[PDB]
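Engineer: Right, I'll just put the structure down here and ask away after.
Bear in mind that the values in this text are calculations on the coordinates, not laboratory data. Cβ coordinates were reconstructed from backbone atoms using ideal geometry, including for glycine residues, and neighbour counts include every protein chain displayed.
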Amino acid sequence: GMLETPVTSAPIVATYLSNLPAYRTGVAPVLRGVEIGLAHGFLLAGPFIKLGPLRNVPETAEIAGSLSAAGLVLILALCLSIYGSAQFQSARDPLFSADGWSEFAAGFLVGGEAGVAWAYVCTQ
Amino acid sequence: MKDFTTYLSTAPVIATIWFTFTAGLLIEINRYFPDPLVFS
Amino acid sequence: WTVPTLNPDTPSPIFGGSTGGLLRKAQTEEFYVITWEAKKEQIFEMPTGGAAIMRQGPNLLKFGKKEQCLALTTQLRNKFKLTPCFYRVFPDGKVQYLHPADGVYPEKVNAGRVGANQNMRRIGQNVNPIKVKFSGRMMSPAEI
Amino acid sequence: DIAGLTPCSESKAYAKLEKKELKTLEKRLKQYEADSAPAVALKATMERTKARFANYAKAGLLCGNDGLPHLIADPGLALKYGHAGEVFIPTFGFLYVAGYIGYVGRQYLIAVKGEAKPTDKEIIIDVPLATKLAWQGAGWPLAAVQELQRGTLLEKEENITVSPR
Amino acid sequence: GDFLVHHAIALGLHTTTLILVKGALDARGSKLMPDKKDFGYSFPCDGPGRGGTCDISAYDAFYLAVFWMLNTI
Amino acid sequence: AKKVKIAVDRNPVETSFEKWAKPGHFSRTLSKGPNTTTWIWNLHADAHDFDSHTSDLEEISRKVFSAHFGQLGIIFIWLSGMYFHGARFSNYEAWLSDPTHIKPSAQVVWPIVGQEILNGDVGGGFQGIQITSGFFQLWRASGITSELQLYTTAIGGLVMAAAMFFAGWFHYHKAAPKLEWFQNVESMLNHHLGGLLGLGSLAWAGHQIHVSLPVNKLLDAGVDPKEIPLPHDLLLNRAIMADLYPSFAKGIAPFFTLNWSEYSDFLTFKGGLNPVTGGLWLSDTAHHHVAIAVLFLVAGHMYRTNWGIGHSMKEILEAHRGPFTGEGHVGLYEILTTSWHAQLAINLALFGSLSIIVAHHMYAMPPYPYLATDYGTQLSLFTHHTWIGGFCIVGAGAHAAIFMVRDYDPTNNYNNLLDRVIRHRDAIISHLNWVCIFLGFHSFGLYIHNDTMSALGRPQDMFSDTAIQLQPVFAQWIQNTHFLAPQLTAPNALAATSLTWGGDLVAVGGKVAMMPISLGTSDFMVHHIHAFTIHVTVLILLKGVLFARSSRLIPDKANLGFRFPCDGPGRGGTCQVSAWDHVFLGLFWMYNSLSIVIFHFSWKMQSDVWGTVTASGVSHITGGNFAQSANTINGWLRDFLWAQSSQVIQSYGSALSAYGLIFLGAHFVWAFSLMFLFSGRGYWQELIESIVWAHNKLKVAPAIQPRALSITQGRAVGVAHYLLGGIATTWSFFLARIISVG
Amino acid sequence: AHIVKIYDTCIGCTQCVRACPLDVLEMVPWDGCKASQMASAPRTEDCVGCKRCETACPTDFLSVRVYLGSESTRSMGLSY
Ligand code: CLA
Ligand code: CLA
Ligand code: CLA
Ligand code: CLA
Ligand code: CLA
Ligand SMILES: CC1=C(C/C=C(\C)CCC[C@H](C)CCC[C@H](C)CCCC(C)C)C(=O)c2ccccc2C1=O
């Protein structure tokens, strides 16, 4: 069969993945979308603020960077939505279905924008 | 000796001798008649 | 000669495994199974890379595409002088048998075969492309 | 003169060009000894430079505003004003040699086609035959024309392979 | 100076014409592929047999001629 | 316990010119003679492919052994010519008197068709072509002081060349070693470690201690070369040597009584560069080769041959067996004693990597007198030995794939290191694929980021020292550690090994020989370009080796061979799947990567190291513009290629005008190659059909049928012309530049 | 699926069948040649277009011809 390897087949690694929102079955797709969106949204603000074109402005740097992070989350939400449209047109997990993914994309937008907003509040 | 003279008759050997001769003739002509541009 | 029936419980060669094996296609579209009898345990080369030991008696392998099965068949037949046969297996559980289609390898002429895609003319006697134009689809003069 | 050109012997720019080249050589000369090996070589170069500029002027070439010789290619203008040696005469000089080489090679290729194994006579040259054909090629223009008139120069259209059409 | 450049331009026109004209006159077939017409204007090749047939279609003659056109222009 | 012994066969082959008159005799296919022009190319392509002429390993080994004598004989003719031309057509004797003002020259051209202008004014009342091979510096270091000494070496070189050709004939036609002789790997290593490298190092130490050191000590003191004692007078008269080095007054007793400290005067550990000549101390170099001699002589007694003591290489390999690697190194010994290609793959890899290491160490630690201040020699030697190393490494990939196709046998390799590597090749190539994409974005993307920011008038947004910074902190730490090594970690060394680490510059004849090299943001960016282009070259070559036998596209690629064009247009198209084509593609990337390496070296040295020393300070050739300009692609185009190519394009009418011609000619050959790379033989075979028709019409059609080159030969012809044109273009550009200003 | 055609110049050498790496071709009885057999192409849906069969045909011009056509998972030679 496939080449067995500790990275591919280990107990500690398997348990960690099984607890991630993507692999945690039994949770509504919308809730998983919010949980995933919040994590990525919070991180997405970092690089924009520190290395953006308005990074050296004292107070505008925080606003401009976070506002650009919010924009990228919006674009990503569109990518999630159209992916579901193309992939699911006609199985065990509800997420991998036309109904499930549409809820998942909506949750990501809500969670992602909340994470970006929450990141801004931490700064000020 | 027949085979050796046959080897000298191979295409690469003939070309080397022929162009060595041809080049030498042209080089020698330009040594005694330097800078020919017009028949005159 | 009758169409053989595949035995899914046939033992497989001694192979550690590799990254050149089946992919998600096998679980969704199809895969191929090759089986043969081995006179003695011997080392052969896997078309997917590496070396495997064939058990004495029946052996069974699964491959991702037909060409891989027929590549192993050429090795076993030409070098080790065996006589393998392989199938096409679908995810629904159906099994299709081929090579040898009628039990005799195609290189050897056998009565009962019906000629297919045989044109009783030369290549130089085909019509010009203009005469097969607007036939509903791109058609070569050889097709008609 | 022709096309607005002037004889190099009467060209101001042509004369100035010679001084520039000699001046460059003289500048390098004064860093050596009188009769050292480098000095002798440089003096030899200067002699050839002076001879070259005298020969081109003596040849009656035409120089442009650049002060460099220009050649006349029209046969009518060349023969009219005595420039036949620039292009016109060398034209028939080259063709004789070019036809000589081509005619000799064609004779050899025909000669070995009759042999049992023509291919082995091409990688391994038949030197005695090649030398024989090399000397007889001096009269190629006469032999070439006679083949044309007798109709043995060209193959028949029916003996040449061609693709479907 | 204009003499040399003009003759280079002639080389470009004649060579580009050579490639394009060969691509058209040999489009219907050749000794290496007598029945090229049965494959169409644009196909990859006829395989490595018969010595190799890379860039044998009439489409490929045009493809090679574009390089010479850019060089000429 | 097969004894190690000499084993030969008497008169294996007859010496006759019969086969010289039968081209293709070596191969069954070509022995029948030509029918098409393809036969001619096949004759030269397969001439040295011994492994395919015969299946007998013994016959293959005997041809390899004698073909190596021919290579040695050719090098001796080449070496003899270099020494001879130094004696008869050089200004070496004048150079010894005034090394800092006279340009080395050892080639003179005849006065024909006006080419005598290439005999430039080089100094010493001599006219000739300036050489960048560094032979004058090498001869001075060894102690050569007259053209007679150069002349005698050339005559000795020809005698050695004759001996090498006799040996090749003797050991093939008269006494050919048997296969069992060639397979004494333990014996060969013992002799090559202690005998070739070991005694060779000791013998050269003898020359340096007795000839080079005394002669160069007086030359540096200013003694006229003609008034220096001859090397044999130094050898016969211990009194003379005692004056230069008092340690010689005690003879060899200190060596045998272990009072080795007595020899401290000529066996030194100074480090650094000799201030007078700008090169390494020869006393340091003598102690180096004495130490190296002992290390290798000890190394040559490790393997067991005939007397029990020693190691068995097979036993070492089979003992190194771990939990993660299955069987382990089992089966490698049989692979490496029965496959010449496997041996060649390893040796080319390390021999090429060694040549690249030589380039870095020789510039940073100039080992010859007056080598450093001769910027033309420094640039040429570094660039020459980088190119040699690059080609050898690509060959290592080529002959690793040949082994994989021809000499690989699965039965001998089951669950060993070699087998397990093949079984996760997708994991290796997929990961190496991602690393290359990552390195391409984060190294070349930075240049694109800087170019766009600069064009937009946003210099503060660029990656640079005056902007967002990328400091090679790790490299800077190592530079400082080596600079302080003599204080604590190498107490008995007086100076640091190189002046690149830090300290003060050494100037010879008003020019900088070596000074500290600073690493900044530009150096950070260029280094990660090197890592990118090297990793890609590994990907192409390693992919070819791992997929030589089969892949998910061609499951039976081994049966097709090592060198085939494709498997047809099926499966979407299979052009260039053979392992030979991975060498063909790998050559382009090796050329791409080494071109940046030699551009990096050339610009960094001129900008930051090379220059003229004056009262105020050091003024560099390009005035320190590397730091601010080399962070954009536009900077390289304008400041490096456009500005420095001024010398080559203005060379007409001078002694350097030859480089101008080759600069254009190289550009031509390179562009000419794209005809073969961008086209296919299908077009050309049809073109020849119309051309053949014209010859048939005139009864002048050849008997050997014209054929367009094969698919593979088109790719081989393309890459060879591409490399020659590209490399020759840089060669002309470098020499015309550095000779003119350096 | 590609198109594979056998023409009446076949001499029944069987080389095309041996060369094919996907068992697309086979030999059938015939009366039009000395060998009394002709090549057949009953399984063109498995053809990949390698044209190894054309490389192996001795007749001039070829007696087996492959016309690349519509692509699919099988004809594109994919294992994924
Ligand atoms: C490649 C083509 C070509 C071209 C464009 C020219 C061009 C020219 N030629 Mg030349 N010529 C050529 C080839 C060419 N020639 C050839 C192959 C030969 C034979 C070897 C000649 C022989 C020749 C002679 C004998 C004369 C010219 C002359 C001329 C000039 C005016 C007449 C003419 O030819 O008109 C245009 C050209 C053509 C239509 C092509 C055929 C030209 C024929 C062969 C010559 C015509 C001469 C003309 C009747 C002279 C009348 C007196 C004139 C002062 C008006 C003109 C510069 C005349 C001249 O020197 O004028 C100053 C002149 O006397 N040519
Ligand atoms: C005059 C002496 C002599 C003679 C008559 C022979 C005769 C023979 N040898 Mg022997 N041989 C000799 C000397 C001789 N050898 C020497 C000196 C060596 C040591 C290198 C060898 C090594 C040797 C080997 C290893 C083999 C032979 C073989 C042969 C046979 C065929 C050789 C052939 O086709 O050569 C024709 C080849 C050439 C003329 C090429 C010459 C190559 C040399 C090395 C010059 C290289 C120049 C180099 C490329 C220069 C750069 C080029 C660049 C400027 C373009 C034949 C029985 C072969 C055999 O028996 O096969 C069954 C065989 O495998 N010989
Ligand atoms: C391989 C390298 C090498 C060689 C060949 C030499 C050689 C020499 N060294 Mg040097 N040396 C070396 C490395 C070397 N050294 C190193 C690495 C060091 C650093 C430790 C030194 C340090 C050193 C010192 C300090 C001294 C020498 C000295 C000498 C000389 C005399 C040695 C002596 O007393 O020998 C004693 C005896 C022998 C070596 C045996 C000789 C055997 C002969 C050749 C046998 C001949 C037999 C034959 C059949 C007879 C001819 C018959 C025929 C005519 C018919 C000698 C020229 C001494 C000298 O004079 O310096 C100027 C000296 O003082 N060396
Ligand atoms: C120690 C070095 C070494 C040795 C001994 C060999 C030996 C061999 N190699 Mg390997 N190889 C090496 C290094 C080496 N290689 C390197 C560094 C590379 C990377 C470029 C390769 C890449 C390589 C490939 C890709 C192949 C081989 C092959 C072979 C085999 C046949 C070679 C042959 O017939 O050549 C005959 C020689 C020629 C046709 C002459 C080539 C001339 C070149 C292209 C000229 C380039 C320009 C020139 C140097 C300078 C300008 C010239 C001027 C006239 C303009 C043979 C076992 C072939 C094989 O089948 O192996 C099993 C094969 O396919 N090698
Ligand atoms: C300048 C010419 C050029 C370029 C840019 C590339 C680029 C590449 N080659 Mg190629 N290659 C070239 C010439 C070139 N090659 C030539 C002439 C040959 C023939 C010898 C090859 C042969 C060859 C081989 C055989 C291989 C490559 C590989 C690669 C890849 C290296 C790793 C990577 O992904 O880097 C990152 C990509 C880049 C640096 C490209 C430029 C990226 C820009 C600067 C930033 C991105 C733009 C941004 C998103 C904005 C877009 C806006 C727009 C959408 C509106 C990459 C795609 C290797 C590969 O695939 O490795 C995985 C590989 O195996 N090349
Ligand atoms: C130009 C070209 C050709 C045509 C090139 C050919 C046929 C090579 C020509 C070599 C020489 C010029 C011909 C043979 C010369 C003889 C040795 C005779 C010479 C006699 C004297 C003049 C020396 C291909 O065959 C080809 C094949 C595959 C991909 C690209 C190309 C490609 O680009």
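Engineer: Ignoring everything except DSSP H segments at least 4 long, calculate the 222 nm mean residue ellipticity for chain F; use -39,500 (n - 2.57) per segment, divide by total residues, nearest 500.
Structural biologist: -17000 deg cm²/dmol
Engineer: Separation of the range F:88-141 and the range F:352-415 by C-alpha centroid, Å?
Structural biologist: Rounded to whole Å, the Cα centres lie 30 Å apart.
Engineer: Enumerate the amide H contacts of F:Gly568 below 5 Å, restricted to partners 5 or more residues apart or on another chain; note that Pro and chain-start residues carry no placed amide H.
Structural biologist: Answer set, sorted by chain and number: F:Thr574.
Engineer: Name the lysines eligible as straight-distance cross-link partners of G:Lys5: C-alpha to C-alpha under 18 Å, and not fewer than 8 places from it in the same chain.
Structural biologist: Result set, ordered by chain and number: E:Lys36, E:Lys37, G:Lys51.
Engineer: Any idea what the dipole of chain D comes to, in debye rounded to 20, about its Cα centre with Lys/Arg Cβ at +1 and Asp/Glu Cβ at -1?
Structural biologist: Values: 22 positive and 19 negative charges, 124 e Å.
It comes to approximately 600 debye.
Engineer: Take every DSSP beta bridge with both residues inside chain F and express the antiparallel ones as a percent of the total, to the nearest 5.
Structural biologist: Approximately 80 percent, going by the DSSP bridge assignments.
Engineer: For the pair D:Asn55 and F:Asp233, what calculated FRET efficiency results from E = 1/(1 + (r/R0)^6), where r is the Cβ-Cβ distance and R0 = 56 Å, to the nearest 0.05?
Structural biologist: Approximately 0.40, to the nearest 0.05.
Engineer: Can you work out ³J(HN,Hα) from phi for every residue in the range F:647-658, in order, using Karplus 6.51 cos²θ - 1.76 cosθ + 1.60 and θ = phi - 60°, giving whole Hz and x for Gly and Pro?
Structural biologist: Values per residue, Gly and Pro as x: 4, 5, 7, 9, 7, 4, x, 10, 5, 8, 4, 5 Hz.
Engineer: For F:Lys22, go through the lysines and keep the ones whose alpha-carbon is under 16 Å away, minus same-chain ones fewer than eight residues off.
Structural biologist: Partners within reach: B:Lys2, D:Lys117, D:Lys121, F:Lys32.
Engineer: Based on the Cβ-Cβ distance of D:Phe92 and G:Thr59, what FRET efficiency does E = 1/(1 + (r/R0)^6) give at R0 = 60 Å, to the nearest 0.05?
Structural biologist: It comes to 0.65.
Engineer: What nm value, rounded to one decimal, do you get for the distance between F:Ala467 and C:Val114 when each label is placed 7 Å out toward the C-beta?
Structural biologist: Roughly 7.5 nm, to one decimal.
Engineer: Turning to a different aspect of this structure: In the range C:1-143, what is the volume of the convex hull around the alpha carbon atoms, normalised per residue and reported in Å³? Present the calculation step by step, with values, prior to reporting the outcome.
Structural biologist: On the way: hull volume 27.4 nm³, N = 143.
About 192 Å³ per residue, rounded to a whole number.
Engineer: In debye to the nearest 20, how big a dipole does the range C:1-143 give about its Cα centre with +1 on each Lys and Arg Cβ and -1 on each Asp and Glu Cβ? All intermediate terms of the calculation are to be shown ahead of the outcome.
Structural biologist: On the way: 20 positive and 11 negative charges, 112 e Å.
With only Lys, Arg, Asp and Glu charged at Cβ, the dipole is about 540 debye.
Engineer: Assuming 0.692 mPa s and 37 °C, estimate D for the range F:1-123 with Stokes-Einstein, Rh taken as the Kirkwood radius over Cα pairs, in µm²/s.
Structural biologist: Rounded, D is 164 µm²/s.
Engineer: Dividing the convex hull volume of the alpha carbon atoms of the range D:1-164 by its residue count, what do you get in Å³ per residue?
Structural biologist: It is 283 Å³ per residue.
Engineer: Compute the angle between helix C:66-78 and the longest alpha-carbon principal axis of chain C, please, reported from 0 to 90 degrees and rounded to the nearest 10.
Structural biologist: Tilt of helix C:66-78: around 70 degrees.
Engineer: Just from the alpha-carbon atoms, what are the Rg and Dmax of chain F in angstroms?
Structural biologist: Looking at chain F, its Cα Rg and Dmax stand at 29.1, 92 Å.
Engineer: Residues with amide H under 5 Å of F:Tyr303's amide H, sequence separation 5 or more or different chain, H placed in the peptide plane at 1.01 Å from N; which?
Structural biologist: For F:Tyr303, the qualifying residues are F:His311.
Engineer: Applying a 10 Å radius around every beta-carbon, put F:668-679, F:88-99, F:544-555 in order of their mean neighbour count, most first. Can you show the working numbers first?
Structural biologist: Working: F:668-679: 16.0, F:88-99: 18.8, F:544-555: 22.9.
Going by the mean number of other Cβ atoms within 10 Å, highest first, we get F:544-555, F:88-99, F:668-679.
Engineer: Right, something else. Per the Kirkwood treatment, what hydrodynamic radius in Å, one decimal, follows for chain G from the mean inverse distance over all distinct Cα pairs?
Structural biologist: 12.7
Engineer: Size of the dipole of the protein assembly as shown about the Cα centre, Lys and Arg at +1 and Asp and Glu at -1 on the beta carbon, nothing else charged, in debye to 20? Kindly include the intermediate steps, with their values, before the conclusion.
Structural biologist: Numbers: 106 positive and 102 negative charges, 537 e Å.
Taking the Cα centre of the protein assembly as shown as origin, the dipole is about 2580 debye.
Engineer: How many nm separate the modelled label positions at E:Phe3 and F:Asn347, each set 7 Å beyond the Cα in the direction of the Cβ?
Structural biologist: For E:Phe3 paired with F:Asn347, the spin-label model returns 5.9 nm.
Engineer: Mind pulling the per residue volume of the convex hull built on the Cα atoms of chain E? Å³ is fine.
Structural biologist: Convex hull of Cα atoms, per residue: 92 Å³.
Engineer: So which residue, out of D:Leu25, D:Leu62, D:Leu153, gets the largest mean-square fluctuation from a GNM of chain D using Cα contacts under 10 Å as springs?
Structural biologist: Judging by the Gaussian network model, the answer is D:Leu153.
Engineer: Right, something else. Select from F:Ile649, F:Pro706, F:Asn634 the residue farthest towards the positive end of the dipole of the range F:620-742; place +1 on Cβ of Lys and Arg, -1 on Cβ of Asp and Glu, and compute about the Cα centre.
Structural biologist: The listed residue farthest towards the positive side: F:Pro706.
Engineer: Okay, next question. Counting pairwise Cα distances across chain A, what percent come out greater than 24 angstrom?
Structural biologist: 43
Engineer: Further, regarding this structure: In Å and from the alpha-carbon atoms only, list the Rg and Dmax of the protein assembly as shown.
Structural biologist: 38.1, 108
Engineer: Any idea which of E:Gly49, F:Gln471, F:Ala249 is furthest toward the positive side of the dipole for the protein assembly as shown, if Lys and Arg beta-carbons carry +1 and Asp and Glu beta-carbons -1?
Structural biologist: So the residue we want is E:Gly49.
Engineer: Along the three principal axes, how long is the range F:420-573 when you take its alpha carbons, biggest first, rounded to the nearest angstrom?
Structural biologist: That gives 66, 52, 33 Å along the principal axes, largest extent first.
Engineer: Here's something else I'd like to know. On a 0 to 90° scale, report how tilted helix E:2-25 is relative to the longest principal axis of chain E, with both axes built from alpha carbons and the result rounded to the nearest 10.
Structural biologist: Tilt relative to chain E: about 10 degrees.
Engineer: Using a 10 Å cut-off on Cβ to Cβ distances, tally the other chain neighbours for every residue of D:150-161 and report the average as a whole number.
Structural biologist: 3
Engineer: Residue farthest toward the positive end of the dipole of the range F:3-742, with Cβ of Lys/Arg at +1 and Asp/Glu at -1: which of F:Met362, F:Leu348, F:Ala455?
Structural biologist: The Cα lying farthest towards the positive end belongs to F:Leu348.
Engineer: Determine ³J(HN,Hα), in whole Hz, for all residues of the range F:124-137 in sequence, where each value follows from phi through the Karplus function 6.51 cos²θ - 1.76 cosθ + 1.60 and θ = phi - 60°; x replaces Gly and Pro.
Structural biologist: My calculation for the range F:124-137 gives x, x, 9, 10, x, 7, 5, 9, 10, 7, x, 5, 4, 5 Hz in order.
Engineer: Scan around F:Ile468 for amide H atoms under 5 Å from its own, H built in the peptide plane at 1.01 Å from N, and keep only partners 5 or more places away or cross-chain.
Structural biologist: F:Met462
Engineer: Please list, in order along the range F:324-333, the HN-Hα scalar couplings obtained from phi with the Karplus expression 6.51 cos²θ - 1.76 cosθ + 1.60 (θ = phi - 60°), rounded to whole Hz, x for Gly and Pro.
Structural biologist: Rounded to whole hertz, the list is 8, 10, x, 5, x, 7, 5, x, 5, 4.
Engineer: Among the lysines, which have Cα under 17 Å from the Cα of C:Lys25 when same-chain residues fewer than 8 positions away are ignored?
Structural biologist: C:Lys62, C:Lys65, C:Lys66, C:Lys94
Engineer: Exposure proxy check: F:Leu158, F:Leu456, F:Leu280 ranked by fewest other beta carbons within 10 Å?
Structural biologist: With the fewest neighbours first, F:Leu158, F:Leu456, F:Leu280 line up as F:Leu456, F:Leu158, F:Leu280.
Engineer: What distance in nm lies between label points placed 7 Å from Cα along the C-beta direction at B:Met1 and D:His70?
Structural biologist: 6.4
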